[PDB]
Structures are given as structure tokens and as C-alpha cells.
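Just so you know, the sequences run in chain order C and A. Each residue of the first sequence is one higher than the last, beginning at -1 in the deposited numbering. Each residue of the second sequence is one higher than the last, beginning at -1 in the deposited numbering. Using N, Cα and C, we set each Cβ at its ideal position, and we do this for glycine too.
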Amino acid sequence: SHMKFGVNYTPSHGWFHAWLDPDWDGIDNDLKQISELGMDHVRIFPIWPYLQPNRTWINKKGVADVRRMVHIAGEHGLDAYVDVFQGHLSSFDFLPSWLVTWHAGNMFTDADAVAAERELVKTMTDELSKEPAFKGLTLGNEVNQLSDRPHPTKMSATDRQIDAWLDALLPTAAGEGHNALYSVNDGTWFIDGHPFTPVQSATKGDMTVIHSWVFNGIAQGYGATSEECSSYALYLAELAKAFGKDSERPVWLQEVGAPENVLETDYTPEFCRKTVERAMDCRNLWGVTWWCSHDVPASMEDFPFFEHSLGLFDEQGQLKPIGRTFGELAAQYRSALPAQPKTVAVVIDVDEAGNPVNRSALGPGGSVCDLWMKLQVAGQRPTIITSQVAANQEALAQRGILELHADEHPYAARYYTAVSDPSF
Amino acid sequence: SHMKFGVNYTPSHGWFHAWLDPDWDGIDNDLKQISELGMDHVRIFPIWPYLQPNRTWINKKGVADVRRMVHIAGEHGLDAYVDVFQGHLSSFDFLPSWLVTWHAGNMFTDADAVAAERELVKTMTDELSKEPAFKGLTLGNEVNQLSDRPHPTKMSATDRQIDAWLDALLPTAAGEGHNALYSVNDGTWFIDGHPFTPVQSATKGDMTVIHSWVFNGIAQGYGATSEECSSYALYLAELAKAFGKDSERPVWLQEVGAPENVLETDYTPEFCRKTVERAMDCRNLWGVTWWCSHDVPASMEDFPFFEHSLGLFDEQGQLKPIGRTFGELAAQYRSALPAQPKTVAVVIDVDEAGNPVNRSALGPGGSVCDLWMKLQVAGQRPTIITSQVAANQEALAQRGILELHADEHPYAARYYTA
């Protein structure tokens, strides 16, 4: 109610290859057991080249199948959030043939590609809005990952071109009864020069969307069981909301998982409990969506190995100890009062547009992450503001902030790694 | 009968995007119209990333849909030839995600990819061999186009690695009741150092497979309406079979189309008639498969414009003049006797393995192409042999060859558009 709990839905039979040969009875079983765990929403992932296999030709059956999965979620009392441009899923890119090889193009800056993306967003929104359970459209999953290094076939863009891309697409996703959003990996906050920016994340679309993954150096550098690692989803929420103009703008922890390349298997339920409990201490947090509902079938290869076991349900569809934990967290917290305000803040220097001067210091083991972590471990409950708020006595009073901590001696993120596997 | 006539089947509703939601009554009607034109076979094109979207996960529904299209072809008295690795179709590449970007791999030299490819070909051949209409498996359409420049994400390979790839895959395509083949674009004969070679094409799989496209410089250089241009399918058939050890090995003209970027629209029926009549003067020719059955829907963009009108049937499914011409040709020639042998030969110098020393000279406006064209225009009905045959009096006597023409002053292909 006050806090949303849900899952990123990975079809148990077929994964996202289910869209080619869906087992609708198994999809209904998946969604029923998600609902029985006490989840109130799912996030769903169609595949872009199946929806739009030619720039000007949309596969109506593929759109209808997304609508059916939304409908099935709503039969079991789940709200459904739908991402469009996949695009990127668990190390794989699914790109339309009209954007690759002989047709290599830039999905962010080519006018024809942006027009086609807008047509697909409009088509999806118009059809999915016929289901009361459809509650939001996310332009796509971690859409920034194609825009910069280390992507091997990047579609480069400036941050002004990404402003224009977001502004070209998000209005088409709007409509009565649902949200419009996009999502990014954490290079948005941690990579200097990256064209998806913290100011965009905290101003474009309806909520500030983050995906929290401690295999990015948090677990390795601070220690898997450390308080810092447990507090990282909170850190990312506090960090991402700091760059918005609206101090009350909600934050959606749209992915958080327990990756067993850096966590012990028997620790993932405790990791889940501590991570969610700390994330809830961010008063702007709107919801927590765990990655993911169901394990990735073992017979499917070339995933980074730990991805297979990120489910709350195992491959036999049996609820795992972490799933039991996450259901209990939802029962305990879905109606809780919001967190108390925070009078202690870490200050991040920003440029005129509001973006950090030094993003490299925000990542795992960077000076700003270390400073925030130090205060958080010391029980000081720090929030985060920019230098533009710190310089303005009225902005500080509006926020009830009393004590500021600046980064006196900045340094780059000593632990950060931008990929999910040493493979990459 | 003696000469097969068929079409490369492009679904009228949806093109190859039809596989995402097949309109089976539409596909049935398409194949009925093709059969009623007098065609005896179709070549059909599934999409690899729909069949095999993960390296170790095959989409059984997609496999079933290919079997059903074959079955419907058989219901209309059509034999069916299936290509697997598309891969490449009309300027687009459809590649599985587990071979691109973060997973970028080499489909010819990566052992895990080759194992997955073999598994897919075996799955498909096992299931399609249940259908009496299934008569051949082609590894994929123009699979060489990914192996070399100018492909913008090439999977490079040596000719020995391509030998190994063909030898790894073709046995899994083979089995009683159907042919095992592969197909290539014409860089095989016309590009030096290209790792798909003339010797492979005329020795691996069951027939020498060629695709004849005069937008490659033939029409531009010799002239759209020229006798050279309408003799090019014949040139490519004589050329490709020259590199085989078996002089009787069949040639399949598995594509030939009338492209309106280099031909004027009203000429395409005459181009079709003359090109087919001349190709039939190659006695090894087993069949002619026109590209393509149905126009590409006008709503679908980013095709080179002329791709839309390559059909024998138009956008409303109505037979076009060129379709009438090709039906008439099938009725006239499907039972004709094979062409007479040839006694005049152009000689191409080859290396020890039997591949041309100078492939550049074989393409449009090269010295070998020009020499064969001049003799053909002059009425001399030239065939083509290698220097290895030309050096062997007994081999010439066995072939009936009485007169040789060597390339005395070679030069590269002036017109070739690659």
C-alpha cells in the first residue's frame, strides 16, 4: 500500500524465449505463485525485434501476447509494468535487423529510428491501456548500456542528444492510469562523460529509477557481508534523488538482486532482509522490485553463471529461502509509515546543469561513496545533496538539513567494475 | 521432369516476418498460386534467431512451423527446399543474440557455435525428412557474405577453416530422400582471397549452387538490354561447374531475378525469357528458381527499392507479366532434352588445389568474363575449363573439347560492383 513490493518476471519455462513459444498455462502458474507470495506488481519484458522486426512494420500478434501476459497478471491481482526496448537482458542484446550490420544505425540520434520507437511506444501504450492492470511503461531495460563504452557496438550520443531522445519518447508513453519511465544501469552515476546523466534520471519520466547490483565492486571491495554492502541500495536511492529539482520525487528500486558471484548462497536471505530494511529508510522510496521471480533454466547457456540462480523460485518452481524472506518483507513493510527525515547530508559538487563534476568519485570505493558509507555505518543516516542546494540557505531550510559533509579530497572509485562478468 | 522450375517463396502477407505469426490460409493460397503457375518446387527461408534464440535452446514451435509450410507445399504438389541459417535476406542480417555484441562470435570457427549449428541442422533435417515434399536442405542463404570484407561485422575465416566448416555441417544435412547443399553470393568466383572458393562450391554438397544477379556490374557495364547481360546466368553456370572434378555434377540456378534498379520495368519479361533460354544451354543445369514469388509488402521499409518488385506476383497477389513468362518457360522446357555438349573452351589458370589464380579476372568486365562473352556473342557456344584439364589430352578428349582459348592478357573486373 504505502510501499510497493514486486518482482521482475522471468518466465519459468522459456525465460524471455517464452515469447516465441509461450506456455500460457505455465505463465499463469508463474504469476499466480508470484501473487500468492504477497507481491503487488510485476515488471514484464517483451523483445523489441519480435515486436518491430522492420522499422515500419509492427508484429500485432507480439503486441497481443504482451497484452495477454498483462491480463494474466491482473487476473491474479498484480499490477503490471512493461518495458519496451529490449534491447538488453542479462548480457544479451536483442536488436532489430534494421539497426545492425548493413543497416547499422543509432537508436538514439537517427530520426527514422526515433520515429519508429515512438510509433512502437504509442502502439504499446494504446493497446496495454485497455487492461486495468497496466500501470506503467518503462522505455526499456538499462537503455543507456548501448550508448557508451564498454559496449562493443556502441551508439554514441551526447547528453543533449539523450535529453532530446527522452523528450521525444516519454510523452508518447504518457496516459491516464499509468506511469511513464525509463531505466539505466549505474554507469549513469558512476562513469564520467556518460551521456545518460543523474539530472535526467531525477527529472525525466515520472519517478527516479535505479537498479542496485552489488557485483559492481560493492561486495568485492567492502565485503559481501559488510554493513556497507547491505546499505548500497539505500546509498543508490539517496544518491539518485539528490540530483532532482523536486526533493519529493519518488525513487523506484526497480531491480535489486542477490548475486551469487559475490554473495554466499546461504547468505542471500539475510542480504535480502538487510538490503530492503535499509532501502526503506529512504523516504522517497516508492517500491522494491526484486530481480527476479524465477531461476533461468539451466539448459540455456552463455549466461554469466550466477544469473541462473537469481530467482525467488527455483527451476522446479519451488519457493526458495530468499523468496520466503521477500514475501515476509512485503507483509511487514507494505503498510509502514515513511522513514524519518535526515538532517545530515553529504554534498556533491555539480556543474551549472546540476550533474556531478566528478562522477568517478560516486562509485564503489570512490571518495563520495566512502564518505557516505562512513557516516551511514556510524549511524548518522546521511542524505545527499548537490552543491547548488548547499549554497542556498533557503533550499537547506526547505529540506530541514543541519550538518553538511563535503568531499574534501576526492578520488576515483577504487572498486568499481562496469560489467557483470570478468568474461566481458 | 528434366529441368526443374520453381520459385524462392516470399510470403505475400508479412514477407519473412510471417514466421512471427503465420497466416496459414494466406500461405496456403500463395503456394496454391505458385503451383497453378506450373512450378514444381519452392525454396523457403526460416529465420535462425527465431529457431535458435539461445545457443542450447531450439524453438520447437518454430521448427513445427517450417514443417507445416513444407507440408502445405506438398499438398499443392510442390517439392520444398529449406535454407537454415538466415542470416542474410535482402540486405538484412538476422543473427542470434548469442553471436553478437557482448557475445560476438565467429559462426565458422567457434567450436561451440559450430556444435549448435550442427544441432540445429540435425533437428531440422530429422523433422523435415518426415515430409515427402522435403527434397533438400541448404545450409543457409549466401552464408559467405558474413566471412569477409565488406561485411561490417565480418566473421573472418581462412579457406581451410571454411573447408572444415562445410565438412562439419553438410553431413548433418544429409540423408536419404533429400539433397544437402549450401549457397553463396558471387564473391566466391569474383573476389581474390575470399575464403569461400569455386572448388568448394563445385565439390561440397550435392550440386553446384549459384545465384545470378546482374546488378553486380553485368547490366551496368555491358548494358541492361545487351546480349551479354542476358547471357550472364549461362556464364555463371559454365563458370561455376568448371572447377569441379566431376564434369557431370549438376548446377542449380537457385536464384535469378530481374532487378529493376538496372533493368527497366517493361523489359523484365524479355530479360526473363532470354536469360532462362540461355541458361538452359548449359547441359549440367538441373533447375531454375526465380527470385521471387511475391513482391515485398510496400509498407516495409529500408529495403533497396527494387526488392519490392522482384515478385512474379504483385502486391495484391495477382500474376505479373514476368510471372506469366516464367510459367510459359516452365511449360515449354520442363521436359526438354539436355543441351548439346560444347567443343570450344575458355581456360582459367588454377593453383594446385584447382582454384583460380586470379578470381578478379572472372567478374563482370574482367578479362575471362569478356573473353567468354565475346565467344558467346559470336556464336561459338564456349564452355569453361581449368588449366589442369587443359594440360591433359585425355581429359580434353573425354570432354569432346577441340579448341582452347586462354586469357592472354588478364585484367581485373572493370564493372564488378564489389
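Is the Cβ-Cβ distance between residue i and residue j less than 8 Å?
i              : j         : result
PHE213(C)      : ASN142(C) : no
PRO130(A)      : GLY185(A) : no
residue 448(C) : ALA343(C) : Any answer about residue 448(C) is impossible in this case: the structure gives chain C only from -1 up to 422.
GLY315(C)      : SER88(C)  : no
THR121(A)      : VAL61(A)  : yes
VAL82(C)       : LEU29(C)  : no
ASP300(C)      : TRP55(A)  : no
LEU168(A)      : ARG116(A) : no
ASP293(C)      : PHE311(C) : yes
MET205(C)      : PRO267(C) : no
residue 436(A) : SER199(A) : Outside the modelled stretch of chain A, which goes from -1 to 416, sits residue 436(A), for which no answer is possible.
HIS101(C)      : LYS133(C) : no
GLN159(C)      : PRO196(C) : no
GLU253(C)      : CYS280(C) : no
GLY103(A)      : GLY138(A) : no
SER229(A)      : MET1(A)   : no
For residue i, name the three-state secondary structure that DSSP assigns.
i         : result
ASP91(C)  : strand
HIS306(A) : helix
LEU402(C) : strand
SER365(A) : helix
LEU317(C) : strand
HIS15(A)  : helix
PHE422(C) : coil
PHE311(A) : strand
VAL348(A) : strand
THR201(C) : coil
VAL141(C) : helix
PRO196(C) : helix
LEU283(C) : strand
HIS86(A)  : strand
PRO47(A)  : helix
How big is the Cα-Cα spacing for residue i and residue j?
i          : j         : result
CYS270(C)  : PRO150(C) : 33 Å
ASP165(A)  : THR415(A) : 31 Å
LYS58(A)   : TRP22(C)  : 15 Å
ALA222(C)  : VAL207(C) : 24 Å
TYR220(C)  : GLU226(C) : 6 Å
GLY4(C)    : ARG332(C) : 11 Å
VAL98(A)   : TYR79(A)  : 28 Å
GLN50(A)   : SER154(C) : 30 Å
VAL417(C)  : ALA111(A) : 23 Å
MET37(A)   : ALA240(A) : 29 Å
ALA410(A)  : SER365(A) : 7 Å
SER385(C)  : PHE188(C) : 18 Å
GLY325(C)  : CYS290(A) : 57 Å
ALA388(A)  : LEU402(A) : 8 Å
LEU18(C)   : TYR48(A)  : 7 Å
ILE382(C)  : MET298(C) : 42 Å
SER(-1)(C) : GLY352(C) : 33 Å
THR201(A)  : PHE43(A)  : 24 Å
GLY203(A)  : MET278(A) : 22 Å
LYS128(A)  : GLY173(A) : 11 Å
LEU327(C)  : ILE216(C) : 23 Å
How would you write the range of the alpha helix (DSSP H) that residue i sits in, first residue to last?
i         : result
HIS69(A)  : 58 to 73
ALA109(C) : 109 to 126
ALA238(A) : 230 to 239
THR266(A) : 266 to 277
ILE216(A) : 216 to 220
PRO169(C) : 157 to 171
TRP187(C) : 185 to 188
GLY24(A)  : 22 to 34
Based on the DSSP output, what are the partners of residue i in its beta bridges?
i         : result
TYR79(C)  : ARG41(C), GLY134(C)
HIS209(A) : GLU253(A)
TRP289(C) : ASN6(C)
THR54(C)  : Its beta-bridge partners do not exist; DSSP assigns none.
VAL342(A) : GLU401(A)
What residue does the beta strand (DSSP E) around residue i start on, and which one ends it?
i         : result
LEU179(C) : 177 to 179
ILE382(A) : 381 to 384
Residues of chain E with CB closer than 8 Å to the CB of residue i, please, in chain order.
i       : result
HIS0(C) : The displayed structure is made up of protein chains C and A, and chain E is not among them.
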